[PDB]
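Beneath this line is the structure, given in structure tokens, with notes to follow.
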Amino acid sequence: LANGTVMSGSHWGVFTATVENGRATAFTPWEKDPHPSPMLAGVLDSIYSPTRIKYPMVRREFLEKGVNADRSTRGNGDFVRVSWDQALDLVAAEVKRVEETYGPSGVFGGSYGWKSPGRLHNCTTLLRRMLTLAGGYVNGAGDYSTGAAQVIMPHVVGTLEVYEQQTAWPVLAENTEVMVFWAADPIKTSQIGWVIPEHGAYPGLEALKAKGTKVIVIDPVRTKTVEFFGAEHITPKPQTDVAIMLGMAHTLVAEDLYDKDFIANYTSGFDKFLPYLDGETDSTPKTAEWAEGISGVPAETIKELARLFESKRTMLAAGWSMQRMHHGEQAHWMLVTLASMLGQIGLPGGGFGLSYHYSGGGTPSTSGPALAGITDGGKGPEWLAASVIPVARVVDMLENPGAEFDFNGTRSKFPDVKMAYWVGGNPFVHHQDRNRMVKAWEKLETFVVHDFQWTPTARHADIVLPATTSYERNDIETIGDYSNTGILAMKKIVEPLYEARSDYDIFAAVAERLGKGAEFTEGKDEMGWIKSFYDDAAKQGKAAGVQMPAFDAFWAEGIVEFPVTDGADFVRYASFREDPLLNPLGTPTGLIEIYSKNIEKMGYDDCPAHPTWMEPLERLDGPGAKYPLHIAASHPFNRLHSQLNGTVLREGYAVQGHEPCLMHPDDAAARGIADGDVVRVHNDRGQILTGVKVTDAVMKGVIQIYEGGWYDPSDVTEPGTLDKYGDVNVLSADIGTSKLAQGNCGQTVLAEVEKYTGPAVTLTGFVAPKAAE
Ligand SMILES: NC1=NC(=O)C2=N[C@H]3C(S)=C(SO)[C@@H](COP(=O)(O)OP(=O)(O)OC[C@H]4O[C@@H](n5cnc6c(=O)[nH]c(N)nc65)[C@H](O)[C@@H]4O)O[C@H]3NC2=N1
Ligand SMILES: NC1=NC(=O)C2=N[C@H]3C(S)=C(S)[C@@H](COP(=O)(O)OP(=O)(O)OC[C@H]4O[C@@H](n5cnc6c(=O)[nH]c(N)nc65)[C@H](O)[C@@H]4O)O[C@H]3NC2=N1
Ligand SMILES: [Mo+4]
């Protein structure tokens, strides 16, 4: 049995593992990581926790009746252990049956999910590689993070914008006077990366504090970002930011302070927005006082912020929760409109940025080469690659096969899907309106899942296959989504546990049974694939003047780092500002479009041709709103979505075993609720249990229940059954942001809370199904 140390990486950072007698016993942060994540201990625990999946399993009803099975019992845990050979024969036969009977339109292979980093063991790309060989599949477009913003931005500034490099952190330290975090908590969300994170935001934030820059945070919650800077904290009722921005804009026009020259030379359509802002079109001037009535933020505060932003070099750093809501396209469109009025776009330290809270945006880019990995059979964000539906319309598709839907000016039809194959994702936690979804999933004949933890998604599968973690195999990956700091060897730490197999090995075996083995593997093995990716990067590096060692020398060192040349001076939009005729934006006019003729032509009632305030489905203190509290259903501090819920880390935040619910003292007192009580949170769509922590960190009228809790239904056959653990998507609605983007509205949620006085409940989500032990 092995003893020693091994370096590898994850979505949480680079680390060194201590191995004792073949078992990993500790993960220590990389010495060069400026700010390691406390979640590292949970990553290690996830390899061995009680919810680790040991063996391949088939749902008893499916085993016995196939397509004639009772599908309402999916998720009850009645599984049968089978041999790998049995399982693989069955998966291959079902993939082939569905392809022959229903065509490529019958197989949904979108499989949205955060998986693990790695250019070779990329489970969702490996899935599509196999499905391509089987005949084809239906894919998903966009993502749950910026579903609205990523579609409206190309019509406004010409490009995606949310996944692009930001003005560098050091430029902000030397030039910014006022830093605004608008619906962003960079301290919380900078802990992880899509590829390995370098944690570059932490040094950048520390430099702003040491410089004494004024920081303002606009968020309903008093976060660690507020606490780190001792920031001026503005607390708007959730979903009212657009009203606040309009009041600011109206103030700038009324006091004649806005930058008329910037508007004249770099934007288009301000004259069509002005009449709306002044109330000529609807008899409602969008004043600060009007904005106060909707948002609850004092009119004088709105006016003072507007004046301050106009007189100082200001950076508006906005997060994505405010577009993960009904009419979400309006939030960042209005933010860019406000930024245009301020006139600092393209100046060092001024303007706006939509990725300072995500995967190190702003950390200086190096001059190193790009690393490529296995493909599905064929250059931007890898997940953005009737064959395609907007990702959040998956349940609408299941309920309405053949029906039409709108998307970015086109009309398409939903395909008629009969099977879904999910790897590296957890839709039974990430998707909205759980009770609707539970019923909709009965439309599928067959549901196959691969994972290494017994998530709610794996519990609901017909066929579950145990995957390995990254720590039981070898791989290669980039350090830094934007910085490109280096390339890491993700070395094997321990042998595969139980009967777990890599997703690559599973799909290769399924491809073999379809008669397409060599087409899937390309005759290469694990290390042959990894060397081919490295060799390609090195060849590209050589041409650019970056020297890189030979493959075995790189593997022996475990990492290669690249040099920073001019990356620290990057200023976004500087060339556009310098010469807009030589360097125009990718819009129809070449300028920032405040009014879009293109969008006007679409004629969508829920996405007008300029930024507009519209009432959402439900909002805190909205006219005729049924429920009294808004749920800030945001990203977890001590999980990566659902990942790590079934680990030792849960002990640090669970309240009486349930997901925590933060509640203001006055809201708790009105309901006779005390700190630590178990409470039932409910609305017309569902009911869940959570454990309360009383704090004035959350503003009055708002409760915080993070997304990612492992749904643990009392009885799967009972419609609307109580969730015993606390999955906040039991309460959200499943609707599109608008006809333009069809994004998810996971943070448009109102509910009521009462002390739970019902029968005691037993938690079953954190131990494996009895038959799987
Ligand atoms: N109400 C909501 N509010 C929200 O704010 C919210 N966030 C969105 C967003 S923004 C996202 S991500 O753009 C999704 C995340 O859902 P996802 O299914 O990616 O969640 P994870 O908990 O990270 O599931 C990953 C899944 O994959 C398994 N896994 C890891 N490595 C491997 C591997 O190598 N091989 C396999 N077979 N499986 C692997 C993990 O174990 C894990 O289970 O959430 C939205 N919802 C929101 N709602
Ligand atoms: N630790 C951690 N866990 C994760 O799960 C995680 N996920 C990653 C992913 S995939 C993404 S997409 C990003 C998400 O990055 P994103 O900016 O979407 O993060 P959220 O936690 O949903 O919301 C950020 C802040 O918005 C505030 N907020 C909510 N509603 C409103 C509102 O109406 N108005 C205003 N002004 N503020 C509001 C919340 O209180 C929260 O503090 O984080 C990434 N980083 C992550 N880090
Ligand atoms: Mo996301």
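Please read every residue number as a count from 1 along the shown chain.
We read in the header that X-ray crystallography, 1.9 Å was used to get this structure.
Note: Cβ is positioned from N, Cα and C throughout, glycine not excepted.
Copied from Swiss-Prot, the annotated features are:
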type	residues	note
BINDING	112-116, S145, 188-189, 218-219, 239-241, 320-321, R324, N426, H430, 450-451, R473, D503, 635-636, 641-643, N729, 746-747	Mo-bis(molybdopterin guanine dinucleotide) binding site
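The structure, with features from Swiss-Prot marked on it.
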{"residue": "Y112", "record": "Mo-bis(molybdopterin guanine dinucleotide) binding site", "Cβ contacts under 8 Å, 6 or more apart": "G140, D143, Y144, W383, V391, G425, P427, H430"}
{"residue": "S116", "record": "Mo-bis(molybdopterin guanine dinucleotide) binding site", "Cβ contacts under 8 Å, 6 or more apart": "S10, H11, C123, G424, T469, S470"}
{"residue": "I218", "record": "Mo-bis(molybdopterin guanine dinucleotide) binding site", "Cβ contacts under 8 Å, 6 or more apart": "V180, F181, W182, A183, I234, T235, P236, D241, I244"}
{"residue": "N426", "record": "Mo-bis(molybdopterin guanine dinucleotide) binding site", "Cβ contacts under 8 Å, 6 or more apart": "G113, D451, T455, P456, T457, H641, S642"}
{"residue": "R473", "record": "Mo-bis(molybdopterin guanine dinucleotide) binding site", "Cβ contacts under 8 Å, 6 or more apart": "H121, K492, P496, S502, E526"}
{"residue": "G746", "record": "Mo-bis(molybdopterin guanine dinucleotide) binding site", "Cβ contacts under 8 Å, 6 or more apart": "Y144, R324, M325, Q432, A633, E707, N729, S732"}
Given the binding-site residues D241, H641, and counting only Cβ atoms in the protein chains shown, which has the most within 10 Å of its Cβ?
-> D241
For the binding-site residues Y112, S116, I218, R473, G746, which residues place their CB under 6 A from an atom of ligand 2?
-> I218
Through-space Cα separation in Å, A385-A386, 3-residue segment unmodelled | 15
For the break between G378 and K379 (3 residues unmodelled), what's the Cα distance in Å?
-> 11
Please check each of the binding-site residues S116, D241, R473, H641 and report the ones with a CB atom less than 6 Å from an atom of ligand 1, ordered along the sequence.
-> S116, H641
